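A.B. asks: Need the 3D shape of this:
(chains A and B, ligands or ions: 1)
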Amino acid sequence: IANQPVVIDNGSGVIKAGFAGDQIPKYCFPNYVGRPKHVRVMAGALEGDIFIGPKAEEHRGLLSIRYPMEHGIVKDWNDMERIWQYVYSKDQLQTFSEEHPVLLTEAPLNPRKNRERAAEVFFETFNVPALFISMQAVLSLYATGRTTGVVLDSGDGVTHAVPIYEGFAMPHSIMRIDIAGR
Amino acid sequence: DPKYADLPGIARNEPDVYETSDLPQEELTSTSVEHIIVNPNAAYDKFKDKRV
Ligand SMILES: Nc1ncnc2c1ncn2[C@@H]1O[C@H](COP(=O)(O)OP(=O)(O)O)[C@@H](O)[C@H]1O
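C.D. replies: Residues are numbered from 1 along each chain as shown, chains lettered A, B, ... in the order given. Structure as follows:
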């Protein structure tokens, strides 16, 4: 579709998102689910209460923040969809799924089920007409411009050494461990 | 007065009433407090819109 394609930097600890042409992801806020911790009393107390971003970092001590991307795998699927709606909101995208092309990224050794469930979101809830789920290591090779490189991610719940060849890694020589700084 | 004339056992020249002489907060300004006023009408109509 003739719109700027969405780039989704699926960071484990710090997820990011953006578009084409740009060098820094247009909208950045980590991967987490900040559920509330109290009950509204005064008129002025916000609602929905599962807030992300400014309210999260702002009211850290008031939001029971959890993390869906456990072992580099999202567990709060529906909540991550709503986090994408948070991105779809006036804050970050201000558009629709059906409008911009989207590009999803991935780590090596990922279960098919996650990709399938994501596609269900992407084409049923969200309805992007131009989308595919790519990798992440080859994208870092695009950044470096290198061809025969070993990519080592460093997140929160994922660590993988990806020996790539011209942007096409041996999908067997790659190793992956789902643990980091968390 | 007429009764004063009526009975004999009544003294006179009596100014019956004899009286004596007769003649005729700070910490809201305390420096360390951030003392605020409200004007409840404005803030009330302001927060009034919060349909919660
Ligand atoms: N300056 C830093 N020093 C050390 N660790 C960092 C620094 N910045 C980010 N990290 C780690 O990287 C993680 C970000 O996750 P991320 O790298 O986005 O996942 P992915 O590897 O999937 O992209 C954070 O959880 C944090 O622990």
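
A.B. asks: Disregarding flanking residues, what is the spatial nearest neighbour of the residue in chain B that the ligand sits nearest to?
C.D. replies: Using CB to the nearest ligand atom, the closest approach of chain B to the ligand is made by residue B:52 at 36.0 Å. (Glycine included, C-beta is placed from N, CA and C.) Among residues not flanking residue B:52 along the chain, residue A:43 sits closest, at 3.7 Å (CB to CB, 6 or more residues apart in numbering or on different chains).

A.B. asks: For that neighbour, identify the helix or strand it belongs to.
C.D. replies: Per DSSP states H and E: residue A:43 is located in neither a helix nor a strand.

A.B. asks: in chain A, which spans are strands?
C.D. replies: Assigned strands in chain A, in chain order: A:6-9, A:16-18, A:27-28, A:33-36, A:63-66, A:69-70, A:73-74, A:102-104, A:131-133, A:150-152, A:159-163, A:175-177 (criterion: DSSP state E).

A.B. asks: does the fourth one come close to chain B?
C.D. replies: No. Shown here: strand A:33-36 not in contact with chain B (CB under 8 Å from any CB of the partner chain), separated by at least 15.1 Å.

A.B. asks: Buried residues in that strand, which are they?
C.D. replies: A:33-34, A:36 (16 or more other CB atoms under 10 Å in any protein chain shown).

A.B. asks: Looking at the residues you listed, which one is closest to residue A:53?
C.D. replies: residue A:34 (8.6 Å; CB to CB).

A.B. asks: Is that closest one in contact with residue A:57, as I believe?
C.D. replies: No. Counting by CB atoms under 8 Å, residue A:34 sits too far from residue A:57 to count as a contact (9.2 Å).

A.B. asks: Next to chain B in this structure, residues from chain A, please.
C.D. replies: Contact residues, chain A versus chain B (CB under 8 Å from any CB): A:40, A:42-45, A:47.

A.B. asks: and the two most separated of those residues?
C.D. replies: Pairwise across the residues of chain A next to chain B, and taking CB to CB, the largest span is found between A:42 and A:47, at 12.3 Å.

A.B. asks: can you list residues touching both of those two?
C.D. replies: Among the neighbours of residue A:42, those also in contact with residue A:47 (CB atoms under 8 Å, 6 or more residues apart in numbering or on different chains) are residue B:52.

A.B. asks: Can you give me the distance of the residue of chain A found nearest chain B to residue A:131?
C.D. replies: Proximity of chain A to chain B (CB to the nearest CB) peaks at residue A:43, 3.7 Å away. Going from residue A:43 to residue A:131 by CB to CB, to the nearest Å gives 42 Å.
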